[PDB]
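Below you'll find the structure, written out as C-alpha cells, and then a few comments.
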Amino acid sequence: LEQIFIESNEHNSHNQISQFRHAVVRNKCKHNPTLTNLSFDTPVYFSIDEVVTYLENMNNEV
Amino acid sequence: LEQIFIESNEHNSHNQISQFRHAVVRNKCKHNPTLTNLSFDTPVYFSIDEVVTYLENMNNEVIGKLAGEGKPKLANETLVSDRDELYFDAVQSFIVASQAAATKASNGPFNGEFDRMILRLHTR
Amino acid sequence: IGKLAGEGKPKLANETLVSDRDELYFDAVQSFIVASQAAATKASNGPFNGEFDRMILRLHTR
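Protein chains in written order, with PDB author numbering: chain Q, 248 to 309; chain P, 248 to 371; chain O, 310 to 371.
Have a look at this one:
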C-alpha cells in the first residue's frame with residue numbers, strides 16, 4: 248500500500264510519509280464508525296479519494 | 248495466560264489487556280484473603296465466570312451526568328461504591344442514557360469495545 | 310494536566326502545583342485525579358501514559 252503510490256524520488260517524504268499514513272488511519276476511523284476505531288493495517292472498507300480531497304483542503308486552510 | 252485469554256489482532260487490544268488483567272488480579276485476591284501480599288502471576292485461585300460477568304457488565308457502562316452523580320446508576324436508582332464488588336456478583340441491566348433531563352446520563356468511554364471479545368471468549 | 314489557562318502543570322488530587330517535575334515523582338507516587346470532559350473538570354491525559362504498561366509489569370515480575 249505504501250509501494251504503489253509513495254515514491255523514493257520526491258524529497259518531500261519527510262513528514263508526508265506520516266501525513267498520508269495518519270490521514271488514512273483517521274479517515275478509516277471515521278468511515279467505519281460502528282467499529283471501535285480504525286488503524287493502518289485493518290482490512291476494513293474505506294474511501295481514500297475523500298482523503299485526497301481532505302489533503303487538498305488542509306493544503307487550502309487558512 | 249496472556250495468549251490463552253487475549254489476542255493482539257485488535258488495534259485497541261492493549262486496553263482490553265489492561266482492564267482484563269486488573270480485573271483478574273483483583274478477582275483472585277477477592278478469592279484468597281489470607282496472605283498479606285500477593286502478586287499477579289503467583290499461583291492462586293480464580294474463576295472464569297467472574298471475569299465473563301464483569302466484562303459483560305462494563306460492556307454496558309453508563310453513569311449519571313448530574314453534579315455529584317458520577318457513578319453507574321441502576322434501574323433501582325442506587326449508586327455503587329465500587330465497580331467490582333457488585334458487578335462480579337452478577338450482570339445487571341441499567342437504564343438507557345438519553346438527553347432528557349430526568350434521565351440525563353453519560354456514556355461509557357470503554358463501552359462497545361468488549362462486545363466483540365466476549366462472544367468469542369464464550370465460544371471457546 | 311489541567312486544560313485551564315495558567316495551569317500547564319501536573320495537577321494533584323488537591324490541585325497543588327509544583328514547578329519541577331523531578332522531585333515530585335521521586336519523592337513518592339502521585340494520586341492524580343483523572344479527567345472528565347466538563348469544562349470546570351476538563352483535563353488532559355499525558356502522552357507518556359498508555360504505551361509503557363507491558364514494560365512495567367514485566368519489570369515488576371523480574
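Where a beta carbon is used, it is the ideal one built from N, C-alpha and C, also for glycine.
Indicate the three-state DSSP secondary structure (helix, strand or coil) for residue i in the structure shown.
| i | result |
| --- | --- |
| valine 343(P) | coil |
| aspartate 362(P) | helix |
| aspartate 336(O) | helix |
| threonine 300(Q) | helix |
| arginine 367(O) | helix |
| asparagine 284(Q) | coil |
| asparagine 256(P) | coil |
Residue range of the alpha helix (DSSP H) that residue i falls in?
| i | result |
| --- | --- |
| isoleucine 264(P) | 260-278 |
| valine 291(P) | Counting along the chain, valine 291(P) falls outside any alpha helix (DSSP H), and DSSP gives it neither H nor E. |
| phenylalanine 252(P) | 249-252 |
Can you check DSSP and say which residues form a bridge with residue i?
| i | result |
| --- | --- |
| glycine 311(P) | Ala352(P) |
| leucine 326(P) | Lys320(P) |
With a 10 Å radius around its C-beta and 16 neighbouring C-beta atoms as the bar for buried, classify residue i as buried or exposed.
| i | result |
| --- | --- |
| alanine 337(O) | exposed |
| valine 291(Q) | exposed |
| residue 372(O) | Since the first residue shown for chain O is 310 and the last is 371, residue 372(O) is missing from the structure and cannot be characterised. |
| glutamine 263(P) | buried |
| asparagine 354(O) | exposed |
| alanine 314(O) | exposed |
| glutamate 297(P) | buried |
| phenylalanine 335(O) | exposed |
| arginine 268(P) | buried |
| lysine 277(Q) | exposed |
| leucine 368(O) | exposed |
| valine 299(Q) | exposed |
| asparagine 279(P) | exposed |
| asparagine 304(P) | buried |
| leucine 302(P) | buried |
| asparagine 323(P) | exposed |
Is residue i near the ligand ZN, judged by its Cβ being under 7 Å from some heavy atom?
| i | result |
| --- | --- |
| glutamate 249(Q) | Among the components of this structure there are no ligands whatsoever, and the ligand ZN is therefore not found. |
Using a Cβ-Cβ distance cut-off of 8 Å, determine whether residue i contacts chain C.
| i | result |
| --- | --- |
| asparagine 259(P) | Included in the structure are the protein chains Q, P and O, with no chain C among them. |
* Asked: So does the region 305-319 of chain P actually touch the region 329-343 of chain P, counting three or more Cβ pairs closer than 8 Å?
  -> yes
* **Validate contact between the region 349-368 of chain P and the region 308-317 of chain P using beta carbons, cut 8 Å, 3 pairs** => yes
* Examine the Cβ distances between the region 278-293 of chain Q and the region 249-267 of chain P and report whether three or more of them are shorter than 8 Å. => yes
* Asked: For the 8 Å Cβ check, are there 3 or more pairs between the region 326-337 of chain O and the region 346-356 of chain O?
  -> no
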